[PDB]
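Following: one structure in structure tokens, then a few remarks.
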Amino acid sequence: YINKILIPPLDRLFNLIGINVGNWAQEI
Amino acid sequence: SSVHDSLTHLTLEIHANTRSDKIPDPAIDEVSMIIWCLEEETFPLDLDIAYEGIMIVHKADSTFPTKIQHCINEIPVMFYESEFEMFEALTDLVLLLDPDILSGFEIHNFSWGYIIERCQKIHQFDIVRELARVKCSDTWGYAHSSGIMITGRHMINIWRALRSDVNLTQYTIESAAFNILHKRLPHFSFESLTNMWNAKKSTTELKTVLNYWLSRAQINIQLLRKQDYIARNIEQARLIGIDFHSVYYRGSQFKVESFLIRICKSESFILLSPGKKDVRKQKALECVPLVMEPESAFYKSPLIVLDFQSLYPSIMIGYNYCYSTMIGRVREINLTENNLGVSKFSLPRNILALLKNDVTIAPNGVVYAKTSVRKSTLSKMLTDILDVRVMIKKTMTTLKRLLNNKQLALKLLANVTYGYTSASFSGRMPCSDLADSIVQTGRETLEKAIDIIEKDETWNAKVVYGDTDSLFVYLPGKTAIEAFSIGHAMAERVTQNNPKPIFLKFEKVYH
Amino acid sequence: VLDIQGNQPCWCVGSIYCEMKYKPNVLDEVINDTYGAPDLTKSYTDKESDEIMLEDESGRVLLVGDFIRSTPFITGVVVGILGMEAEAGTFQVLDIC
Amino acid sequence: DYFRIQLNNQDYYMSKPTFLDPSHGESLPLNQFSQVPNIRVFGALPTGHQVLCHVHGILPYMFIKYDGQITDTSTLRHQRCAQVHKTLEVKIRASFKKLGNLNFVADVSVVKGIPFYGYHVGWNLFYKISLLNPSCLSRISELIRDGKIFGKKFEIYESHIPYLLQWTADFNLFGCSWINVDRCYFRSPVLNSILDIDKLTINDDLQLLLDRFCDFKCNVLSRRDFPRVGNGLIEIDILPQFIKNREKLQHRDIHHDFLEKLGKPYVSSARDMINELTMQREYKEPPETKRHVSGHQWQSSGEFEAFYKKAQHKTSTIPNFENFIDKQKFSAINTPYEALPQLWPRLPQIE
DNA sequence: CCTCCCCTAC
DNA sequence: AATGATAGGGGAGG
Ligand SMILES: Nc1ccn([C@H]2C[C@H](O)[C@@H](COP(=O)(O)OP(=O)(O)OP(=O)(O)O)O2)c(=O)n1
Ligand SMILES: [Ca+2]
């Protein structure tokens, strides 16, 4: 759920700024 | 009171006992409760009917009707020995009230459809022929509308109407009631409802199921009233001129055809009716709207959003684009045979020389007669509807609701008007050239607006995004308080470089 | 309950039915700690009352009179109402057991 | 002072020609009609009483190109209409499986008109092929357009418009609007006695309306010939002459010549709306002075101008506005809105 | 890279 | 049996 529901859209929104959301989720 | 200028409305619901979570089938499970609700606000003649009623099957032991009467004590309840007599009583009630609309929630696999299936399959009784106002299949009907066709009366499926009206996830009675009427309704499974309905004792359970279905029936009227669906549809029908059924059952081209035939019949015009083959073999559309890929980034500074008001209607009004105004494509003009959409024709001898000045060539290459020689009919229709809409909006509780309904109907008609053209498939009177001209001149107007905005040196702004009629101009570090003045200035500048109906509005800003 | 019909005294045994609506403070307290509690005041205002019935597995009858008014009652309590039917399905109360 | 019925629903059905229906035509008056169409209107009186109205004498029609010359002496037109009527009747009878009792085509007449799909300035002659069964009108149009009827393909005009839409547009009717009618014909007992509705629904206003419009002597039709068919209150029968919603239309013929080049809303529904808004309450809207381009120049305008000059040089043989169109009086030919009054049977009285 | 499906913008 | 165009994007599955 986390990955395949939140990583794609948050990555689309925040890669414009230049940050990777997946790195934040990896630490948990 | 005053004269009757509305439509009577009646709603019906059914409770059927299930058999261990089987979603009661209309072939094995019989009808038991026909709770019905009649709209009181729009019902004239002040007849003693109480606007509400409950019908319950009771074979008749000697305590069930008495217990039901005391537990309700407000609405009269009728008991019948068999469901056939109850159906006959329902038919008599319908013939007595004679409502204009019979409605309900999900009427296909439920109350109205359930009753119809029960009457046809089990009792071999044609209830449809008996509920009509005359004594003596529809795949599209069941696709996005109500598939039941009763002569004289209109069948309205409430869930489809709300789906078309309001956009939200899921479509149930509880969700609609909560998101529209702010009412939370407990939901019980069919097994539990059967269990309470089959309990001889525990009057509380009978009252519970009775109030359950009574609320289900009553909330339908409020749902259709708060959205004002009936009045809005009636106003739209009065405006367009089509009957109440065609308001929601027919497509968008029907209304445009109605306006066109009504307007042209007064000008002795004869409308061409091409066949399907002629439409299929016509020239394909070549002009496409201008959309630019935005710079994908985060914009700190204020972002002014500009949007043309009725770009295509204003284009057709200003540039006089119509079926009656096309002379022909400027290239390959022959005196023997030509081609314009789905029709072929030949120009007169000295037509071009006579009107060498009072014409306007389209961006696509089609010659259009100027307003000085012939005013186009579509321009007349669009300017009339736009003037009416702005007049009622400028004037703007009952009068306010009527004005809002008229505004919505006029907006819908204006939006659907352009869709009559460019109907390459399933089009009854299309014109590829006219649609191509409209789209191309819209693109040219957009490009001119962008160039005008970018040219100004005092406005160090750059357009970042673009749509059919949307402009996104960026003002890097421009203290948004004054950004409104800049936006108004550019809107006025763009407006003053276009014909009269073309207009640009600022209307918002994104900091 | 359906056998008490006539101009003669009679007595029957059944539970007492009352309204017993919740107090607004309790409703506010439970709403503020539910995260999704609806407007429960609508559940009491939609009905929009002041009457007592007698349920004995066969129906209910309205307990009119004065002896039944001067006694606090809670739903689910069974009693021995002894009264007389006067003009309707409403039962008078003379003595309580 | 008018009987008012609201357009809540409409439907049509085929019935035998009574004395209130047309029985023959102008092209082939000898052959009668096997059946005629009748439109049913389900409406409610302003007092709130449901009324069922039957409409007679309304026929669907479609236009095809006139093959004869415009120099007819008002006699060859009738002969050509008779020949094309016979050809149509024969071909439909053969395709759909002595010539009498017309079943598909009522009559064919010649009417003038101005084409809409394109820029046309002059009067053009058209045929008015009035049919009997509106359901099969699409099939007839397809057969005519496909060349199955005649030896050559013919363009079809006004066939995508349904019969109900044509009827509503011709008589200036709008959905959920009042049908102002001055004269009507009543049927079998007006206060229906289905179960009891002849006592509950009746009121002072309804009785006043019946007293004003019903005479019970020369107004109520015979019980035997016209039985009731509606399971509702008072039922009426109407003729096309009775509908007075029309005659408020503004007919203009400015497109037959260059009238505009020489020395109020166009939608009557919009006129009613603005009248209602004015009655409810002035209104004004200051425009903006717009200074557009000299000719709204675009990227590919020069090539268009060159091609237009080439085309003007091609099709040229000094034309003038007042002497361009040929001055064929066309007075005998009926206008399309002056042609629908035709075929209305009579003002009969069979009481 | 391909079609299929969802469904929002204009 | 009826249906107004066109343009973008993501997601699953193979
Ligand atoms: N369902 C739609 C929506 C839009 N358009 C076209 C017609 C418009 O000319 C153009 C712009 O669409 P808008 O959404 O901006 O609506 P309008 O500009 O026509 O009016 P308004 O600005 O009041 O919304 O897109 C269309 O053909 N079909
Ligand atoms: Ca816009």
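Residue numbers start at 1 in each chain; chains themselves are named A, B, ... in the order of the structure tokens; ligands are numbered from 1 in the order shown.
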Any chance you could tabulate, as JSON lines, the residues of chain F at most 9 Å from chain B with each one's nearest atom pair and distance in Å to one decimal, using only C-alpha atoms (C1' of nucleotides), in chain and rising number order?
```
{"residue": "F:1", "atom": "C1'", "partner": "B:140", "partner_atom": "CA", "distance": 5.5}
{"residue": "F:2", "atom": "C1'", "partner": "B:140", "partner_atom": "CA", "distance": 5.5}
{"residue": "F:3", "atom": "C1'", "partner": "B:426", "partner_atom": "CA", "distance": 6.5}
{"residue": "F:4", "atom": "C1'", "partner": "B:419", "partner_atom": "CA", "distance": 4.0}
{"residue": "F:5", "atom": "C1'", "partner": "B:422", "partner_atom": "CA", "distance": 5.2}
{"residue": "F:6", "atom": "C1'", "partner": "B:288", "partner_atom": "CA", "distance": 7.1}
{"residue": "F:7", "atom": "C1'", "partner": "B:291", "partner_atom": "CA", "distance": 8.3}
```
Could those residues be written to a file, using N, CA, C and O atoms (P, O5', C5', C4', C3', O3' and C1' of nucleotides), as a PDB file, in the first residue's frame?
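Ended up saving to part26.pdb:
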```pdb
ATOM      1  P    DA F   1     -33.685  -0.548 -32.404  1.00  0.00           P
ATOM      2  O5'  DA F   1     -33.336  -0.603 -30.843  1.00  0.00           O
ATOM      3  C5'  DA F   1     -34.163   0.075 -29.902  1.00  0.00           C
ATOM      4  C4'  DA F   1     -33.507   1.359 -29.425  1.00  0.00           C
ATOM      5  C3'  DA F   1     -33.419   2.472 -30.469  1.00  0.00           C
ATOM      6  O3'  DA F   1     -33.622   3.739 -29.852  1.00  0.00           O
ATOM      7  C1'  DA F   1     -31.251   1.910 -29.741  1.00  0.00           C
ATOM      8  P    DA F   2     -33.937   5.035 -30.749  1.00  0.00           P
ATOM      9  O5'  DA F   2     -32.653   5.967 -30.545  1.00  0.00           O
ATOM     10  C5'  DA F   2     -32.463   6.653 -29.314  1.00  0.00           C
ATOM     11  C4'  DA F   2     -31.012   6.589 -28.874  1.00  0.00           C
ATOM     12  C3'  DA F   2     -30.074   7.535 -29.600  1.00  0.00           C
ATOM     13  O3'  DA F   2     -30.078   8.807 -28.961  1.00  0.00           O
ATOM     14  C1'  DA F   2     -29.077   5.365 -29.251  1.00  0.00           C
ATOM     15  P    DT F   3     -29.424  10.084 -29.686  1.00  0.00           P
ATOM     16  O5'  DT F   3     -27.851   9.895 -29.463  1.00  0.00           O
ATOM     17  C5'  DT F   3     -27.315   9.882 -28.146  1.00  0.00           C
ATOM     18  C4'  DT F   3     -25.876   9.399 -28.152  1.00  0.00           C
ATOM     19  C3'  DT F   3     -24.920  10.241 -28.975  1.00  0.00           C
ATOM     20  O3'  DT F   3     -24.419  11.308 -28.181  1.00  0.00           O
ATOM     21  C1'  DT F   3     -24.527   7.889 -29.305  1.00  0.00           C
ATOM     22  P    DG F   4     -24.656  12.834 -28.622  1.00  0.00           P
ATOM     23  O5'  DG F   4     -23.207  13.337 -29.071  1.00  0.00           O
ATOM     24  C5'  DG F   4     -22.703  13.006 -30.354  1.00  0.00           C
ATOM     25  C4'  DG F   4     -21.861  14.141 -30.901  1.00  0.00           C
ATOM     26  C3'  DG F   4     -20.358  13.932 -30.804  1.00  0.00           C
ATOM     27  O3'  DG F   4     -19.883  13.295 -31.985  1.00  0.00           O
ATOM     28  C1'  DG F   4     -20.929  16.035 -29.871  1.00  0.00           C
ATOM     29  P    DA F   5     -18.586  12.349 -31.931  1.00  0.00           P
ATOM     30  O5'  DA F   5     -17.517  13.210 -31.117  1.00  0.00           O
ATOM     31  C5'  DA F   5     -16.168  13.265 -31.552  1.00  0.00           C
ATOM     32  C4'  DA F   5     -15.833  14.646 -32.084  1.00  0.00           C
ATOM     33  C3'  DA F   5     -14.383  15.069 -31.893  1.00  0.00           C
ATOM     34  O3'  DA F   5     -13.628  14.743 -33.051  1.00  0.00           O
ATOM     35  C1'  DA F   5     -15.806  16.693 -30.937  1.00  0.00           C
ATOM     36  P    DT F   6     -12.394  13.720 -32.947  1.00  0.00           P
ATOM     37  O5'  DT F   6     -11.300  14.520 -32.099  1.00  0.00           O
ATOM     38  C5'  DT F   6     -10.869  15.807 -32.526  1.00  0.00           C
ATOM     39  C4'  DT F   6      -9.921  16.415 -31.510  1.00  0.00           C
ATOM     40  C3'  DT F   6      -8.718  15.537 -31.156  1.00  0.00           C
ATOM     41  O3'  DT F   6      -7.507  16.255 -31.347  1.00  0.00           O
ATOM     42  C1'  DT F   6      -9.818  16.298 -29.186  1.00  0.00           C
ATOM     43  P    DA F   7      -6.096  15.513 -31.160  1.00  0.00           P
ATOM     44  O5'  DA F   7      -5.716  15.804 -29.638  1.00  0.00           O
ATOM     45  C5'  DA F   7      -5.605  17.143 -29.181  1.00  0.00           C
ATOM     46  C4'  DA F   7      -5.146  17.178 -27.738  1.00  0.00           C
ATOM     47  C3'  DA F   7      -3.980  16.244 -27.415  1.00  0.00           C
ATOM     48  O3'  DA F   7      -3.067  16.891 -26.541  1.00  0.00           O
ATOM     49  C1'  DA F   7      -5.813  15.734 -26.021  1.00  0.00           C
TER      50       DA F   7
END
```
Protein and nucleic acid residues within 8 Å of ligand 1 (only C-alpha atoms (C1' of nucleotides) and all ligand atoms) as a PyMOL selection string: (chain B and resi 307-313+411+414-416+418-419+468-470) or (chain E and resi 10) or (chain F and resi 5)
Residue list (helix (DSSP H, G or I), DSSP) for range 52-166 of chain B, as a PyMOL selection string: chain B and resi 64-72+83-97+111-121+127-131+139-143+158-165
Convert the current residue selection to file output with N, CA and C atoms, as a compact mmCIF listing (two decimals), in the first residue's frame.
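What follows is the written file part-v5.txt:
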```txt
# COMPACT_ATOMS: atom_id res chain seq x y z
N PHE B 64 -51.37 -8.67 13.96
CA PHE B 64 -50.37 -7.98 13.15
C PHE B 64 -50.86 -6.64 12.62
N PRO B 65 -52.03 -6.53 11.97
CA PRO B 65 -52.48 -5.20 11.53
C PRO B 65 -52.68 -4.23 12.68
N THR B 66 -53.22 -4.71 13.81
CA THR B 66 -53.44 -3.85 14.96
C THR B 66 -52.13 -3.33 15.52
N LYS B 67 -51.14 -4.22 15.65
CA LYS B 67 -49.82 -3.83 16.14
C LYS B 67 -49.16 -2.83 15.19
N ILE B 68 -49.28 -3.06 13.88
CA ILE B 68 -48.71 -2.13 12.91
C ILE B 68 -49.38 -0.77 13.01
N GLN B 69 -50.71 -0.75 13.14
CA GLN B 69 -51.43 0.51 13.22
C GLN B 69 -51.02 1.31 14.45
N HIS B 70 -50.89 0.64 15.61
CA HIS B 70 -50.45 1.38 16.79
C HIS B 70 -48.99 1.80 16.71
N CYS B 71 -48.12 0.97 16.12
CA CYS B 71 -46.71 1.35 16.07
C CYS B 71 -46.46 2.47 15.07
N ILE B 72 -47.32 2.63 14.07
CA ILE B 72 -47.19 3.75 13.13
C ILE B 72 -47.97 4.94 13.67
N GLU B 83 -50.58 -10.65 -2.80
CA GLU B 83 -49.82 -9.59 -3.46
C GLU B 83 -50.47 -9.15 -4.77
N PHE B 84 -51.30 -10.00 -5.37
CA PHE B 84 -52.03 -9.58 -6.57
C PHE B 84 -53.02 -8.46 -6.25
N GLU B 85 -53.77 -8.61 -5.16
CA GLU B 85 -54.69 -7.56 -4.75
C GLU B 85 -53.94 -6.29 -4.36
N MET B 86 -52.76 -6.45 -3.75
CA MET B 86 -51.95 -5.29 -3.40
C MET B 86 -51.45 -4.57 -4.65
N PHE B 87 -51.06 -5.32 -5.68
CA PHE B 87 -50.68 -4.71 -6.95
C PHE B 87 -51.87 -3.99 -7.59
N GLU B 88 -53.05 -4.60 -7.51
CA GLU B 88 -54.25 -3.95 -8.05
C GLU B 88 -54.54 -2.65 -7.31
N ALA B 89 -54.38 -2.65 -5.98
CA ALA B 89 -54.58 -1.44 -5.20
C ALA B 89 -53.55 -0.38 -5.56
N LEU B 90 -52.30 -0.79 -5.80
CA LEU B 90 -51.28 0.16 -6.23
C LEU B 90 -51.64 0.76 -7.59
N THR B 91 -52.14 -0.06 -8.51
CA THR B 91 -52.58 0.45 -9.80
C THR B 91 -53.72 1.44 -9.64
N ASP B 92 -54.68 1.13 -8.76
CA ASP B 92 -55.79 2.05 -8.52
C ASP B 92 -55.29 3.36 -7.93
N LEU B 93 -54.33 3.30 -7.00
CA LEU B 93 -53.77 4.52 -6.42
C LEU B 93 -53.07 5.36 -7.48
N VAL B 94 -52.30 4.72 -8.35
CA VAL B 94 -51.61 5.45 -9.42
C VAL B 94 -52.62 6.10 -10.35
N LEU B 95 -53.68 5.37 -10.71
CA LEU B 95 -54.71 5.94 -11.58
C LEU B 95 -55.47 7.07 -10.89
N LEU B 96 -55.58 7.02 -9.56
CA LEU B 96 -56.27 8.08 -8.84
C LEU B 96 -55.43 9.35 -8.80
N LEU B 97 -54.20 9.25 -8.27
CA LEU B 97 -53.33 10.41 -8.21
C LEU B 97 -52.94 10.88 -9.61
N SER B 111 -37.45 -1.54 -6.79
CA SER B 111 -38.88 -1.38 -6.56
C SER B 111 -39.74 -1.42 -7.82
N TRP B 112 -39.54 -0.48 -8.75
CA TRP B 112 -40.36 -0.47 -9.95
C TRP B 112 -40.05 -1.67 -10.84
N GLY B 113 -38.77 -1.91 -11.09
CA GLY B 113 -38.39 -3.08 -11.88
C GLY B 113 -38.77 -4.38 -11.20
N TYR B 114 -38.63 -4.43 -9.87
CA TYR B 114 -39.01 -5.63 -9.14
C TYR B 114 -40.51 -5.91 -9.28
N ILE B 115 -41.33 -4.88 -9.13
CA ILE B 115 -42.78 -5.05 -9.27
C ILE B 115 -43.12 -5.49 -10.69
N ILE B 116 -42.49 -4.87 -11.69
CA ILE B 116 -42.78 -5.21 -13.08
C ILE B 116 -42.40 -6.67 -13.36
N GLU B 117 -41.23 -7.09 -12.90
CA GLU B 117 -40.80 -8.47 -13.12
C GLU B 117 -41.71 -9.45 -12.40
N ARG B 118 -42.11 -9.13 -11.16
CA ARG B 118 -43.01 -10.02 -10.43
C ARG B 118 -44.35 -10.15 -11.15
N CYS B 119 -44.89 -9.04 -11.64
CA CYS B 119 -46.18 -9.08 -12.33
C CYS B 119 -46.08 -9.85 -13.64
N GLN B 120 -44.99 -9.66 -14.39
CA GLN B 120 -44.88 -10.29 -15.70
C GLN B 120 -44.59 -11.78 -15.59
N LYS B 121 -43.68 -12.16 -14.69
CA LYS B 121 -43.20 -13.54 -14.67
C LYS B 121 -44.13 -14.46 -13.90
N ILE B 127 -48.45 -5.04 -15.76
CA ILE B 127 -48.64 -3.85 -14.94
C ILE B 127 -48.29 -2.59 -15.72
N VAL B 128 -47.39 -2.70 -16.70
CA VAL B 128 -46.99 -1.53 -17.48
C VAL B 128 -48.17 -0.98 -18.27
N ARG B 129 -48.94 -1.86 -18.89
CA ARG B 129 -50.11 -1.42 -19.65
C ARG B 129 -51.21 -0.87 -18.76
N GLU B 130 -51.19 -1.21 -17.47
CA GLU B 130 -52.22 -0.74 -16.55
C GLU B 130 -51.84 0.55 -15.83
N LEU B 131 -50.55 0.81 -15.67
CA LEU B 131 -50.11 2.04 -15.02
C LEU B 131 -50.02 3.22 -15.96
N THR B 139 -31.91 -1.02 -24.87
CA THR B 139 -30.55 -1.13 -24.34
C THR B 139 -29.99 0.24 -23.96
N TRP B 140 -30.17 1.23 -24.84
CA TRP B 140 -29.77 2.59 -24.50
C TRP B 140 -30.59 3.13 -23.35
N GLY B 141 -31.84 2.69 -23.22
CA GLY B 141 -32.66 3.12 -22.10
C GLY B 141 -32.10 2.67 -20.77
N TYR B 142 -31.59 1.44 -20.70
CA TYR B 142 -31.00 0.92 -19.48
C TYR B 142 -29.52 1.24 -19.34
N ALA B 143 -28.89 1.79 -20.38
CA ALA B 143 -27.46 2.08 -20.31
C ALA B 143 -27.16 3.21 -19.34
N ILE B 158 -33.10 7.76 -9.76
CA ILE B 158 -32.52 8.82 -8.95
C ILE B 158 -31.00 8.70 -8.90
N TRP B 159 -30.48 7.48 -8.76
CA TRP B 159 -29.04 7.31 -8.61
C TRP B 159 -28.29 7.79 -9.85
N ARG B 160 -28.84 7.51 -11.04
CA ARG B 160 -28.22 8.01 -12.27
C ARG B 160 -28.26 9.53 -12.33
N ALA B 161 -29.38 10.13 -11.91
CA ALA B 161 -29.48 11.59 -11.92
C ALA B 161 -28.45 12.21 -10.99
N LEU B 162 -28.27 11.64 -9.80
CA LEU B 162 -27.28 12.17 -8.88
C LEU B 162 -25.86 11.92 -9.37
N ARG B 163 -25.62 10.78 -10.03
CA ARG B 163 -24.31 10.53 -10.62
C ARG B 163 -23.97 11.57 -11.67
N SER B 164 -24.96 11.92 -12.51
CA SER B 164 -24.73 12.96 -13.51
C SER B 164 -24.63 14.34 -12.88
N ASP B 165 -25.27 14.55 -11.73
CA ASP B 165 -25.28 15.87 -11.10
C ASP B 165 -24.02 16.11 -10.27
```
Please extract the residues of chain C with a backbone DSSP assignment of strand (DSSP E) and present them as a short mmCIF file (atom, residue, chain, number, x, y, z; two decimals) with C-alpha atoms, in the first residue's frame.
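Now in part-v1.cif:
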```
data_model
loop_
_atom_site.label_atom_id
_atom_site.label_comp_id
_atom_site.auth_asym_id
_atom_site.auth_seq_id
_atom_site.Cartn_x
_atom_site.Cartn_y
_atom_site.Cartn_z
CA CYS C 10 -59.51 -5.23 33.50
CA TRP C 11 -55.83 -5.68 34.30
CA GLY C 14 -46.52 -5.88 30.37
CA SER C 15 -43.39 -3.81 30.05
CA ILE C 16 -43.44 0.00 30.07
CA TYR C 17 -42.34 1.92 26.97
CA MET C 53 -47.23 2.62 26.41
CA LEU C 54 -47.60 -0.91 27.76
CA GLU C 55 -45.97 -3.70 25.72
CA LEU C 62 -51.44 4.48 25.60
CA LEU C 63 -51.58 4.84 29.39
CA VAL C 64 -53.63 7.99 29.91
CA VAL C 78 -43.08 -4.45 33.83
CA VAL C 79 -46.08 -3.46 35.95
CA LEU C 82 -55.41 -2.04 36.18
CA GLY C 83 -57.71 0.42 34.45
CA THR C 90 -56.02 4.43 25.19
CA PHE C 91 -56.09 2.64 28.55
CA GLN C 92 -56.69 4.47 31.81
#
```
Distance-based interface of chain B with chain D, 7 Å, counting only C-alpha atoms, as a ChimeraX atom specification: /B:3-5,44-45,95-96,133-136,152,234,237-239,241-244,262-263,266-274,323-327,330-331,333,335,349-350,352-354,365,372-374,380,384,388,428,496-500
Output C-alpha atoms of each residue in that selection to a file, as a PDB file, in the first residue's frame.
```
ATOM      1  CA  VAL B   3     -51.746  28.329 -11.286  1.00  0.00           C
ATOM      2  CA  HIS B   4     -50.212  24.862 -11.571  1.00  0.00           C
ATOM      3  CA  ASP B   5     -46.960  25.078 -13.548  1.00  0.00           C
ATOM      4  CA  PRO B  44     -52.425  20.621  -6.512  1.00  0.00           C
ATOM      5  CA  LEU B  45     -56.150  19.912  -5.958  1.00  0.00           C
ATOM      6  CA  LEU B  95     -54.707   5.937 -11.578  1.00  0.00           C
ATOM      7  CA  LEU B  96     -56.273   8.085  -8.843  1.00  0.00           C
ATOM      8  CA  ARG B 133     -52.543   7.001 -18.839  1.00  0.00           C
ATOM      9  CA  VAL B 134     -53.862   5.310 -22.011  1.00  0.00           C
ATOM     10  CA  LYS B 135     -56.190   2.312 -21.849  1.00  0.00           C
ATOM     11  CA  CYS B 136     -54.772   0.857 -25.074  1.00  0.00           C
ATOM     12  CA  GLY B 152     -47.666   9.156 -20.446  1.00  0.00           C
ATOM     13  CA  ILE B 234     -38.418  21.689 -16.468  1.00  0.00           C
ATOM     14  CA  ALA B 237     -37.126  21.957 -21.380  1.00  0.00           C
ATOM     15  CA  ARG B 238     -39.032  25.253 -21.484  1.00  0.00           C
ATOM     16  CA  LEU B 239     -35.910  27.026 -22.751  1.00  0.00           C
ATOM     17  CA  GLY B 241     -38.292  23.440 -26.382  1.00  0.00           C
ATOM     18  CA  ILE B 242     -37.804  19.673 -26.237  1.00  0.00           C
ATOM     19  CA  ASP B 243     -40.067  17.504 -24.111  1.00  0.00           C
ATOM     20  CA  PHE B 244     -39.149  16.480 -20.571  1.00  0.00           C
ATOM     21  CA  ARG B 262     -36.981  26.677 -34.713  1.00  0.00           C
ATOM     22  CA  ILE B 263     -34.779  29.549 -35.895  1.00  0.00           C
ATOM     23  CA  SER B 266     -38.943  31.483 -39.575  1.00  0.00           C
ATOM     24  CA  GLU B 267     -36.378  32.343 -42.288  1.00  0.00           C
ATOM     25  CA  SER B 268     -37.681  29.860 -44.906  1.00  0.00           C
ATOM     26  CA  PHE B 269     -34.476  27.821 -44.615  1.00  0.00           C
ATOM     27  CA  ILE B 270     -34.317  24.186 -45.725  1.00  0.00           C
ATOM     28  CA  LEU B 271     -31.968  21.991 -43.704  1.00  0.00           C
ATOM     29  CA  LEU B 272     -29.889  19.362 -45.483  1.00  0.00           C
ATOM     30  CA  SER B 273     -30.085  15.790 -44.157  1.00  0.00           C
ATOM     31  CA  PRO B 274     -26.983  13.806 -45.165  1.00  0.00           C
ATOM     32  CA  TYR B 323     -23.678  26.724 -42.467  1.00  0.00           C
ATOM     33  CA  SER B 324     -25.350  29.539 -44.423  1.00  0.00           C
ATOM     34  CA  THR B 325     -22.185  31.666 -44.625  1.00  0.00           C
ATOM     35  CA  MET B 326     -19.639  29.306 -46.212  1.00  0.00           C
ATOM     36  CA  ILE B 327     -18.834  30.130 -49.832  1.00  0.00           C
ATOM     37  CA  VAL B 330     -10.420  29.374 -51.166  1.00  0.00           C
ATOM     38  CA  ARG B 331      -8.335  26.751 -52.980  1.00  0.00           C
ATOM     39  CA  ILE B 333     -12.988  26.930 -56.486  1.00  0.00           C
ATOM     40  CA  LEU B 335     -17.929  26.565 -61.209  1.00  0.00           C
ATOM     41  CA  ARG B 349     -21.215  33.123 -62.498  1.00  0.00           C
ATOM     42  CA  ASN B 350     -19.989  36.381 -60.922  1.00  0.00           C
ATOM     43  CA  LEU B 352     -16.906  36.192 -56.183  1.00  0.00           C
ATOM     44  CA  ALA B 353     -16.585  39.491 -58.053  1.00  0.00           C
ATOM     45  CA  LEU B 354     -19.872  40.821 -56.649  1.00  0.00           C
ATOM     46  CA  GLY B 365      -9.002  28.507 -46.101  1.00  0.00           C
ATOM     47  CA  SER B 372     -22.981  43.135 -44.094  1.00  0.00           C
ATOM     48  CA  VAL B 373     -24.477  40.739 -46.668  1.00  0.00           C
ATOM     49  CA  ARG B 374     -25.967  38.075 -44.382  1.00  0.00           C
ATOM     50  CA  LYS B 380     -27.993  34.983 -33.658  1.00  0.00           C
ATOM     51  CA  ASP B 384     -29.430  35.594 -27.787  1.00  0.00           C
ATOM     52  CA  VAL B 388     -30.219  36.159 -21.692  1.00  0.00           C
ATOM     53  CA  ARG B 428     -26.650  13.980 -38.366  1.00  0.00           C
ATOM     54  CA  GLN B 496      -9.338  45.335 -26.899  1.00  0.00           C
ATOM     55  CA  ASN B 497      -7.541  43.514 -29.785  1.00  0.00           C
ATOM     56  CA  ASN B 498     -10.425  41.180 -30.671  1.00  0.00           C
ATOM     57  CA  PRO B 499     -13.961  41.486 -32.073  1.00  0.00           C
ATOM     58  CA  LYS B 500     -16.855  42.376 -29.801  1.00  0.00           C
TER      59      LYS B 500
END
```
Selection: 8 Å around residue 2 in chain C, only C-alpha atoms (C1' of nucleotides), excl. self and same-chain fewer than 5 positions, as an MDAnalysis selection string: (chainID B and resid 63) or (chainID C and resid 58:59)
Within 10 Å of residue 10 in chain F, counting only C-alpha atoms (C1' of nucleotides), which residues qualify if same-chain residues fewer than 6 places away don't, as an mmCIF file with N, CA and C atoms (P, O5', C5', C4', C3', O3' and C1' of nucleotides), in the first residue's frame?
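And here's out_39.cif as it stands now:
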```cif
data_model
loop_
_atom_site.group_PDB
_atom_site.id
_atom_site.type_symbol
_atom_site.label_atom_id
_atom_site.label_comp_id
_atom_site.auth_asym_id
_atom_site.auth_seq_id
_atom_site.Cartn_x
_atom_site.Cartn_y
_atom_site.Cartn_z
ATOM 1 N N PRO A 8 4.459 6.741 -6.050
ATOM 2 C CA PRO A 8 4.339 7.336 -7.393
ATOM 3 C C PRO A 8 3.797 8.758 -7.361
ATOM 4 N N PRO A 9 2.652 9.030 -6.714
ATOM 5 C CA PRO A 9 2.125 10.403 -6.801
ATOM 6 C C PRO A 9 2.954 11.414 -6.030
ATOM 7 P P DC E 6 -12.369 0.259 -17.142
ATOM 8 O "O5'" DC E 6 -11.717 1.602 -16.568
ATOM 9 C "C5'" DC E 6 -10.753 1.529 -15.526
ATOM 10 C "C4'" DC E 6 -10.296 2.915 -15.110
ATOM 11 C "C3'" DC E 6 -11.420 3.938 -14.922
ATOM 12 O "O3'" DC E 6 -11.241 4.635 -13.698
ATOM 13 C "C1'" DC E 6 -9.769 4.798 -16.374
#
```
